[PDB]
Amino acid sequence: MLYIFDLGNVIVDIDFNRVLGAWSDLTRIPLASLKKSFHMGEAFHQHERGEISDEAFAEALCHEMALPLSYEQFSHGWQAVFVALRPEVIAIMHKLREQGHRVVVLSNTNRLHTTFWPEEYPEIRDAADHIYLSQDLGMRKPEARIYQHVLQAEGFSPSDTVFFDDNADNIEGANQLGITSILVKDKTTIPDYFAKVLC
């Protein structure tokens, strides 16, 4: 089988509230202001597909949220994003591969050239056969093309692929291609699913 794992809130817990915290710390903008104004716009989508620079992205979000930050200060806060490994999942992924299933990561990512980000974590690189990243591909979930890219480059069909994502639109994109798609509701979803599959 081909197993495709999303990264954020699938392999790792990730919380951008910590970034808002960090930017609130520097700017003294009340945290509640940054929460009501931090939105997943087109600038996000473009930056995910690598279509605009890190600097242009910073500029977009700063204008949206009225952040008087330099690029460097922006990045500095960006770096604070809360990331915690789910070791249960890293282990399952290693086990799937030593049983000779194929295990890849597929991630929409807003990494910057100046930040250290989860797809760069050694524990995540060593758990995966390949890591597919939106900025590298010029594509993002839930666009058909990105799923197709992975199917094609891995050499598997939809019916022979299972995909895990905590985002329902992402799941929908994969389903339209007849990929088996498991919504990740919580910590248990992947351990439960692989109870009977590893045995």
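Residue numbers here begin at 1 and follow the sequence given.
Peer 1: Please work out which of 90-98 and 124-132 has the higher mean CA B-factor as recorded in the PDB entry.
Peer 2: The recorded data point to 90-98.
Peer 1: Look up the CA B-factors in the entry and say which stretch, 54-62 or 160-168, has the higher mean.
Peer 2: Mean CA B-factor is higher for 160-168.
Peer 1: With respect to C-alpha B-factor, does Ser24 fall in the lowest, middle or highest third of the chain as deposited?
Peer 2: Lowest third, going by the recorded CA B-factors of the chain.
Peer 1: Could you say whether, by C-alpha temperature factor, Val105 belongs to the lowest, middle or highest third of its chain?
Peer 2: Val105: CA B-factor falls in the middle third of its chain.
Peer 1: Which third, lowest, middle or highest, does the CA B-factor of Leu151 fall in along this chain?
Peer 2: According to the entry, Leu151 has a C-alpha B-factor in the chain's middle third.
Peer 1: What third of the chain, by the recorded C-alpha B-factor, contains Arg49?
Peer 2: Its C-alpha B-factor, which the entry lists for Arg49, ranks in the lowest third among residues of this chain.
Peer 1: Would you check the entry's CA temperature factor for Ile182 and let me know if it's in the chain's lowest, middle or highest third?
Peer 2: According to the entry, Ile182 has a C-alpha B-factor in the chain's highest third.
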